[PDB]
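Report on one structure; see the data block that follows.
All of the numbers you see were taken from the coordinates with simple rules; none came from a lab. When we count neighbours, we look across all protein chains shown, and the Cβ atoms used for this are built from the backbone with ideal geometry, even at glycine.
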Amino acid sequence: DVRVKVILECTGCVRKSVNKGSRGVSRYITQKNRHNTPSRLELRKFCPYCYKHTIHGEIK
Amino acid sequence: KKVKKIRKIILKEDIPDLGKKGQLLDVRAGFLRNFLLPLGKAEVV
RNA sequence: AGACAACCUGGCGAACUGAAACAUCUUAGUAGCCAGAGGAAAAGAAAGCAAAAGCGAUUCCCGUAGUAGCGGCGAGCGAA
RNA sequence: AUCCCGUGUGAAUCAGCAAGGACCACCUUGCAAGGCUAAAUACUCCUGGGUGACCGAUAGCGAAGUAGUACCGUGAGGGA
RNA sequence: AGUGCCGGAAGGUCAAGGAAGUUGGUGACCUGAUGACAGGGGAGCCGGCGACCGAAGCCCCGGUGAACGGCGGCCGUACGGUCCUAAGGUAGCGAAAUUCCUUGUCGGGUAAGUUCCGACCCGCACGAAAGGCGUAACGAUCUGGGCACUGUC
RNA sequence: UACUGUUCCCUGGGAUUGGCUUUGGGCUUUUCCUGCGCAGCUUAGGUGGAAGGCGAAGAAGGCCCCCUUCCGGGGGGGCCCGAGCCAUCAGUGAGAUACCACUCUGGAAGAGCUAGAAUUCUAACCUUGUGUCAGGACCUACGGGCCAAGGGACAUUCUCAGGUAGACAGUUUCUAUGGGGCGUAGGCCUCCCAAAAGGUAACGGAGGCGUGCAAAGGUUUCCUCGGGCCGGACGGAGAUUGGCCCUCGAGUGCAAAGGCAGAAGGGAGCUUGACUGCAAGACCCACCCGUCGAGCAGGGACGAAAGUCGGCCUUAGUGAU
């Protein structure tokens, strides 16, 4: 509990469902130091369901 | 879980406390089985 | 009433072994003991199968098939 | 799931009850908590009839001779 | 102190079992846009999650050693300093059926005694009911010395 | 004081398994009070139907006692009295329990709802009798019937649950090894041994790893370190500042080897390619595994552009099913 892998979801493709081509939140799991960068990460990255290049919000 | 026993006791003798020689009041089966129905002081509905 | 080779019904019920050790598991409801009865015994006349198509009490052989499965998903076990 | 059981609870009655591999709905199937019942099936201490690319006295049953004898063992038992 | 045993408030921890409530399934019945299913969803019937109550035990508190057990270092001049520990061995005995170093050293016994007897204490690693230390008697007991006796030599 | 269980025993829920009685538990409705940081006539919690209730459905003030009491002053039984009292108004973050709608705090009477009790009772249940009762005859012989005596819904017994004895059971308790044991080691990375391809053993010689970094990444631009000599306040062998001289002996997060010059080393700007979909082709090998990857597709980063970016200068930072 010092340097930890963490759950970068998307703010683009927040959780939707219906209409065959289903939305399905993208995700990226990757590491930050908990002590160094205490505020949560907020990187921009590609999301293959958005087809764009969204902001990948941190959570838990 | 537990269950209370409720029986349908008609009387015959006067009974020291609760009786009439004709009550329809209800009690546990321990009264009928051990005390009364041996002595012949009551009956079941 | 007791006796009676095996077969059979019911009661109790192992371990070695296999898993390259071992406890789940396997050996197995087998061996053993106990009780019972016949020429066979047990089963058996649907509170059953099956799928929108139908079958009509049991029991035994071929088959489905080593398939569906179950399994420290291991050894193995294995239907209808 | 289905089937059976110790403990405790504890229904309903075909406007019903149970099953269709949790479970609910709709269909379909059946009628549990009383009984009886031949056959095809299993086996050989055994009888009769047949057969053998079975044995031929160190074989074939342990046992071709008055063999479970002689003999051993307290005894179960072993055994020519 | 530790363990064992015995006894003891309140507090914590605490099963089965109930239990107020939450949340899901199914569904009469209303509803929703182009895509072929989707929102709800009363009653009933199913399943989960559980605020609270819930003993002994255990932690916790006291007592107990003819209960299991245990009975110290370091440094200076009988005497003190200092550390650790629940506490640091009292009486007695001590080179022993305990003693490694070891045939310890001293005395007795013998011409000469790694065995024997008495004393010392540097008790590697005795010790008070796994008793301590003594003790007349008794021993096909162990272990030393003498007399008598002899082919043991 | 090995793992897993089994038993003995203890403890609770349930069955056996009944009855009244009082005392102070929790929860549900009726109704009633209560609830003083500071404004201060206000022992007022939040909010609200919105301006007459109420009074002669026998009133203001008061007599004495009762309920509450953070002792500020509420609330109220009966009645001498005799039919008034009063809502906005001024103080407040709020308005007056004048009527009344809905509820938090904390409490007083009744009703329900169960549960926790202690005692006793007795009729279940347990136990006693040189107490009595007899077939053709005995029971001061086991037992049986009958009165009885003592316990008493506990105890015993069944089931479920939690504890608790190597008392009892099934097992387990590694390999290497210059015989075993005692020690030491067991996976991965670097160097040597290793004999100039690779490979290569020994309980041969040397060290490291079980990470770190949101920037120490990506890209765009800029910079050249280290050690000496000489001069210069405190300042010295050494801090800062200038010049000179070899120049890569520095540094490169972390062991070593191989690398790295206007750099892979040091600084700045902007960012997230530490990205999805892949992949011709090779290396490495018993298998399992590992490694490099031109290029294409999308959507971005940075730059004027050409281009560079799918983590780190490279080799350790890791486990199959």
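Which cross-chain or sequence-distant (5 or more) residues have an amide H under 5 Å from the amide H of A:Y28, H modelled 1.01 Å from N in plane?
It is A:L8, A:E9, by chain and number.
Net charge near A:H53, counting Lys/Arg +1 and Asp/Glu -1 over other residues with Cβ under 11 Å of its Cβ?
Numbers: positive: A:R44, A:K45, A:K52; negative: none.
Summing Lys and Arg as +1 and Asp and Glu as -1 gives +3.
Can you run phi through the Karplus equation (6.51, -1.76, 1.60; θ = phi - 60°) for the range B:15-30 and list ³J(HN,Hα) in whole Hz, with x for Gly and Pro?
Taking θ as phi minus 60°, the curve returns 6, x, 9, 8, x, 10, 6, x, 9, 10, 6, 10, 9, 6, 5, x Hz for the range B:15-30.
Specify the inter-centroid distance of chain B and the range A:1-36, based on alpha-carbon positions, in whole Å.
72
Using the Cβ atoms and a cut-off under 14 Å, what net charge is assigned to the surroundings of A:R23, where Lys and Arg are +1 and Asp and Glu are -1?
Numbers: positive: A:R15, A:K16, A:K20, A:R27, A:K52; negative: A:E9.
Summing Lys/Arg as +1 and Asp/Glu as -1 gives +4.
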